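See below for the structure under consideration.
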Amino acid sequence: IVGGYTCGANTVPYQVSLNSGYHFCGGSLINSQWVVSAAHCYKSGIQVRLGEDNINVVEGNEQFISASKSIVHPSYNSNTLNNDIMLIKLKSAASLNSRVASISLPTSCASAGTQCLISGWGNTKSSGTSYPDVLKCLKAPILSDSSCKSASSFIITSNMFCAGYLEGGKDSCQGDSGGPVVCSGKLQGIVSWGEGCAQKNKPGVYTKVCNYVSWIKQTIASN
Ligand SMILES: COC(=O)[C@H](Cc1cccc(C(=N)N)c1)NC(=O)CNS(=O)(=O)c1ccc(C)cc1
Ligand SMILES: [Ca+2]
């Protein structure tokens with residue numbers, strides 16, 4: 001997260017860390033046994049860490065659970081990152097509480113100008129590198145599709161949306177991928193891609209979750 005603020009211990013209870021010997025992507029807990037992340041975060045031997053704040057220090061509210069099955073979206077295109085969404089099922093159900101809680105799926109798609117919460121343990125520098133140990137947060141509004149294309153020249157699909165500031169300075173970054181974008185109390189996006197970080201006229205691009213609710217529900221009810 002570039003230009004954000006320290007969230008505060010366990011203030012984002014649905015935020016998860018994907019670990020394969022080290023943190024490599026974020027994700028969101030949608031129920032006691034399922035996690036949603038980005039398909040480009042796919043990897044074998046994934047361990048899900050819940051209740052995390054400082055990812056390098058056992059603080060007491062963590063739950064480390066191995067994944068038993070990973071399901072990348074059937075139409076994921078790694079070249080364009082269209083349909084950049086993936087489902088991860090935990091070996092055993094997590095114990096839900098104040099510090100470990102699920103986030104609800106949307107019933108409608110968020111609209112332009114809506115303020116959302118983006119979070120992750122990603123890089124905090126637009127130039128160079130600096131990775132934080134604690135969870136960072138950022139408030140950012142959804143942008144209109146035309147305004148996004150006009151300024152960035154990005155080729156967006158109907159399964160993506162832009163959020164951030166055309167002025168630059170604030171944005172998600174390397175390592176935040178797979179993480180949550182929450183608006184109106186529901187999971188509306190997944191950190192997917194961008195061009196550099198916090199660059200002017202180059203806002204972040206996120207997977208539009210409201211288009212995948214049906215797929216998610218059907219997959220979870222049968223796996
Ligand atoms: C990979 O290194 C980076 O600094 C960022 C990471 C990132 C990830 C998710 C969201 C954001 C964000 N801005 N909100 C940033 N991505 C890039 O800079 C990738 N763009 S790119 O122009 O470098 C590029 C384009 C196409 C290919 C095949 C490879 C690389
Ligand atoms: Ca910890």
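Each chain in the structure tokens gets a letter, A, B, ..., in the order shown, and its residues are numbered from 1; ligands are numbered from 1 in order too.
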
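A distance cut-off of 6 Å from ligand 1, applied to only C-alpha atoms and all ligand atoms, picks out the residues residues 171, 172, 173, 174, 177, 191, 192, 193, 194, 195, 196, 197 and 204 of chain A.
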
### Task
Kindly work out which residues sit at most 9 Å from ligand 2, using only C-alpha atoms and all ligand atoms, and give the list as a VMD selection string.
chain A and resid 49 to 62 133 to 134

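Residue nearest residue A:25 within the list A:9, A:46, A:156, A:187: A:46 [criterion: smallest interatomic distance, only C-alpha atoms].
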
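If you count only C-alpha atoms and ignore residues fewer than 2 places along the chain from stretch 109-116 of chain A, what sits within 9 Å of it is residues 106, 107, 118, 138, 139, 140, 141, 142, 143, 144, 145, 163, 181, 182, 183, 184, 185, 188, 208, 209, 210 and 211 of chain A.
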
Save the residues we just selected, N, CA and C atoms, as a PDB file, in the first residue's frame?
ATOM      1  N   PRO A 106     -21.288  -9.286  -2.284  1.00  0.00           N
ATOM      2  CA  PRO A 106     -22.244  -8.256  -2.700  1.00  0.00           C
ATOM      3  C   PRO A 106     -23.480  -8.777  -3.427  1.00  0.00           C
ATOM      4  N   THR A 107     -24.577  -8.035  -3.306  1.00  0.00           N
ATOM      5  CA  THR A 107     -25.827  -8.381  -3.972  1.00  0.00           C
ATOM      6  C   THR A 107     -26.001  -7.450  -5.171  1.00  0.00           C
ATOM      7  N   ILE A 118      -9.111  -0.494   1.092  1.00  0.00           N
ATOM      8  CA  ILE A 118      -8.171  -1.422   0.469  1.00  0.00           C
ATOM      9  C   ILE A 118      -7.068  -1.664   1.495  1.00  0.00           C
ATOM     10  N   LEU A 138      -5.993   1.896   3.194  1.00  0.00           N
ATOM     11  CA  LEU A 138      -6.132   3.023   2.271  1.00  0.00           C
ATOM     12  C   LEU A 138      -7.588   3.260   1.866  1.00  0.00           C
ATOM     13  N   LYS A 139      -8.034   4.515   1.901  1.00  0.00           N
ATOM     14  CA  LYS A 139      -9.394   4.857   1.479  1.00  0.00           C
ATOM     15  C   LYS A 139      -9.257   5.291   0.026  1.00  0.00           C
ATOM     16  N   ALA A 140     -10.088   4.751  -0.862  1.00  0.00           N
ATOM     17  CA  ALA A 140     -10.017   5.116  -2.271  1.00  0.00           C
ATOM     18  C   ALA A 140     -11.379   4.981  -2.933  1.00  0.00           C
ATOM     19  N   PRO A 141     -11.732   5.930  -3.802  1.00  0.00           N
ATOM     20  CA  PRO A 141     -13.026   5.876  -4.477  1.00  0.00           C
ATOM     21  C   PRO A 141     -12.992   5.114  -5.790  1.00  0.00           C
ATOM     22  N   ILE A 142     -14.119   4.495  -6.125  1.00  0.00           N
ATOM     23  CA  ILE A 142     -14.243   3.790  -7.385  1.00  0.00           C
ATOM     24  C   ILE A 142     -14.300   4.898  -8.437  1.00  0.00           C
ATOM     25  N   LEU A 143     -13.620   4.694  -9.559  1.00  0.00           N
ATOM     26  CA  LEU A 143     -13.604   5.666 -10.644  1.00  0.00           C
ATOM     27  C   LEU A 143     -14.519   5.178 -11.760  1.00  0.00           C
ATOM     28  N   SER A 144     -14.992   6.103 -12.594  1.00  0.00           N
ATOM     29  CA  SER A 144     -15.860   5.736 -13.711  1.00  0.00           C
ATOM     30  C   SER A 144     -14.984   5.091 -14.777  1.00  0.00           C
ATOM     31  N   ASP A 145     -15.537   4.142 -15.519  1.00  0.00           N
ATOM     32  CA  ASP A 145     -14.754   3.457 -16.534  1.00  0.00           C
ATOM     33  C   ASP A 145     -14.148   4.362 -17.600  1.00  0.00           C
ATOM     34  N   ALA A 163      -9.937   2.077  -9.187  1.00  0.00           N
ATOM     35  CA  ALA A 163     -10.170   2.770  -7.929  1.00  0.00           C
ATOM     36  C   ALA A 163      -8.862   3.435  -7.528  1.00  0.00           C
ATOM     37  N   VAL A 181     -11.086  -5.276  -1.370  1.00  0.00           N
ATOM     38  CA  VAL A 181     -11.520  -3.917  -1.656  1.00  0.00           C
ATOM     39  C   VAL A 181     -12.949  -3.968  -1.137  1.00  0.00           C
ATOM     40  N   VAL A 182     -13.180  -3.338   0.009  1.00  0.00           N
ATOM     41  CA  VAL A 182     -14.490  -3.336   0.645  1.00  0.00           C
ATOM     42  C   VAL A 182     -15.229  -2.005   0.519  1.00  0.00           C
ATOM     43  N   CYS A 183     -16.459  -2.058   0.020  1.00  0.00           N
ATOM     44  CA  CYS A 183     -17.276  -0.855  -0.134  1.00  0.00           C
ATOM     45  C   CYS A 183     -18.683  -1.174   0.369  1.00  0.00           C
ATOM     46  N   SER A 184     -19.249  -0.266   1.156  1.00  0.00           N
ATOM     47  CA  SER A 184     -20.584  -0.465   1.698  1.00  0.00           C
ATOM     48  C   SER A 184     -20.678  -1.758   2.514  1.00  0.00           C
ATOM     49  N   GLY A 185     -19.586  -2.127   3.182  1.00  0.00           N
ATOM     50  CA  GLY A 185     -19.578  -3.327   4.007  1.00  0.00           C
ATOM     51  C   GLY A 185     -19.505  -4.683   3.319  1.00  0.00           C
ATOM     52  N   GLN A 188     -16.140  -5.953  -2.713  1.00  0.00           N
ATOM     53  CA  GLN A 188     -16.433  -5.529  -4.081  1.00  0.00           C
ATOM     54  C   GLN A 188     -15.293  -5.747  -5.073  1.00  0.00           C
ATOM     55  N   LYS A 208     -13.842  -7.236 -10.470  1.00  0.00           N
ATOM     56  CA  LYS A 208     -15.203  -6.863 -10.093  1.00  0.00           C
ATOM     57  C   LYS A 208     -15.923  -8.097  -9.560  1.00  0.00           C
ATOM     58  N   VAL A 209     -15.898  -8.266  -8.243  1.00  0.00           N
ATOM     59  CA  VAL A 209     -16.497  -9.428  -7.587  1.00  0.00           C
ATOM     60  C   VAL A 209     -17.998  -9.636  -7.785  1.00  0.00           C
ATOM     61  N   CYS A 210     -18.753  -8.550  -7.893  1.00  0.00           N
ATOM     62  CA  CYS A 210     -20.201  -8.669  -8.052  1.00  0.00           C
ATOM     63  C   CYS A 210     -20.595  -9.522  -9.258  1.00  0.00           C
ATOM     64  N   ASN A 211     -19.686  -9.666 -10.222  1.00  0.00           N
ATOM     65  CA  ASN A 211     -19.958 -10.484 -11.405  1.00  0.00           C
ATOM     66  C   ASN A 211     -19.714 -11.972 -11.152  1.00  0.00           C
TER      67      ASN A 211
END

### Query
Can you tell me how far atom CA of residue A:15 sits from atom CA of residue A:101, in Å to one decimal?
8.7 Å

Tell me which protein, DNA and RNA residues are within 8 Å of residue A:39, counting only C-alpha atoms, leaving out same-chain ones fewer than 4 positions away, and put them as an mmCIF file with C-alpha atoms, in the first residue's frame.
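selection_32.cif, freshly written:
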data_model
loop_
_atom_site.group_PDB
_atom_site.id
_atom_site.type_symbol
_atom_site.label_atom_id
_atom_site.label_comp_id
_atom_site.auth_asym_id
_atom_site.auth_seq_id
_atom_site.Cartn_x
_atom_site.Cartn_y
_atom_site.Cartn_z
ATOM 1 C CA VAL A 72 -8.700 -20.866 -10.320
ATOM 2 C CA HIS A 73 -11.593 -19.365 -12.288
ATOM 3 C CA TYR A 76 -8.768 -16.857 -16.217
ATOM 4 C CA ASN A 83 -11.288 -13.196 -14.521
ATOM 5 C CA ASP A 84 -8.420 -12.804 -12.023
ATOM 6 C CA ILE A 85 -10.143 -14.609 -9.144
ATOM 7 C CA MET A 86 -9.434 -17.849 -7.291
ATOM 8 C CA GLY A 178 -5.296 -10.985 -3.904
#

### Task
Please run DSSP on the backbone and report, as a PyMOL selection string, all residues within stretch 88-170 of chain A that come out as strand (DSSP E or B).
chain A and resi 88-90+104+115-120+136-142+160-163

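When only C-alpha atoms are used to compute distances to residue A:81, the closest of the residues A:221, A:160, A:151, A:18 turns out to be A:160.
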
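Taking atom CA of residue A:186 and atom CA of residue A:14 as endpoints, the distance between them is 10.9 Å.
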
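Between atom CA of residue A:33 and atom CA of residue A:77 the separation is 26.3 Å.
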
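Neighbours of residue A:47 closer than or equal to 12 Å, with only C-alpha atoms counted and sequence neighbours fewer than 4 positions away skipped, come out as residues 16, 17, 18, 19, 20, 21, 22, 23, 24, 25, 26, 27, 35, 42, 43, 63, 64, 65, 66, 67, 68, 69, 70, 88, 89, 90, 91 and 92 of chain A.
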
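Selecting helix (DSSP H, G or I) from the backbone DSSP output for stretch 61-199 of chain A yields residues 145, 146, 147, 148, 149, 150, 151 and 152 of chain A.
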
### Message
List the spatial neighbours of residue A:32 as a ChimeraX atom specification - criterion: any atom at most 7 Å away, only C-alpha atoms, same-chain residues fewer than 5 positions off excluded.
### Response
/A:93-94,96

Write the residues you've just listed into a file as a short mmCIF file (atom, residue, chain, number, x, y, z; two decimals), in the first residue's frame, and include C-alpha atoms for each of them.
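The resulting out29.cif:
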data_model
loop_
_atom_site.label_atom_id
_atom_site.label_comp_id
_atom_site.auth_asym_id
_atom_site.auth_seq_id
_atom_site.Cartn_x
_atom_site.Cartn_y
_atom_site.Cartn_z
CA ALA A 93 -12.77 -24.65 9.43
CA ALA A 94 -11.38 -21.57 11.14
CA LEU A 96 -14.55 -17.22 13.88
#

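Closest approach to residue A:6 from the set A:135, A:127, A:100, A:36 is made by A:135, with distances taken over only C-alpha atoms.
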
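Distance annotation: of A:162, A:148, A:216, A:198, the residue with the minimal separation from residue A:124 is A:198; atom set is only C-alpha atoms.
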
### Query
Which residues come within 9 Å of residue A:155, counting only C-alpha atoms, excluding same-chain residues fewer than 3 positions away, as a PyMOL selection string?
chain A and resi 80+149+152

Go ahead and dump the residues you just picked, N, CA, C and O atoms, as a tab-separated table (two decimals), in the first residue's frame.
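As a result, again27.tsv now contains:
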chain	number	residue	atom	x	y	z
A	80	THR	N	-4.08	-11.22	-19.99
A	80	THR	CA	-4.87	-10.00	-19.79
A	80	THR	C	-5.34	-9.85	-18.35
A	80	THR	O	-5.80	-8.79	-17.95
A	149	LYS	N	-10.09	4.85	-18.49
A	149	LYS	CA	-9.49	4.56	-19.79
A	149	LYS	C	-8.84	5.82	-20.36
A	149	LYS	O	-7.70	5.79	-20.84
A	152	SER	N	-5.56	6.59	-18.14
A	152	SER	CA	-4.54	5.55	-18.13
A	152	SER	C	-4.25	4.86	-19.46
A	152	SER	O	-3.13	4.39	-19.68

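With only C-alpha atoms as the basis for measurement, A:164 is the residue among A:180, A:189, A:128, A:164 that approaches residue A:147 most closely.
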
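With only C-alpha atoms as the atoms that count, the minimum distance from residue A:71 to the choices A:104, A:219, A:129, A:98 is reached by A:219.
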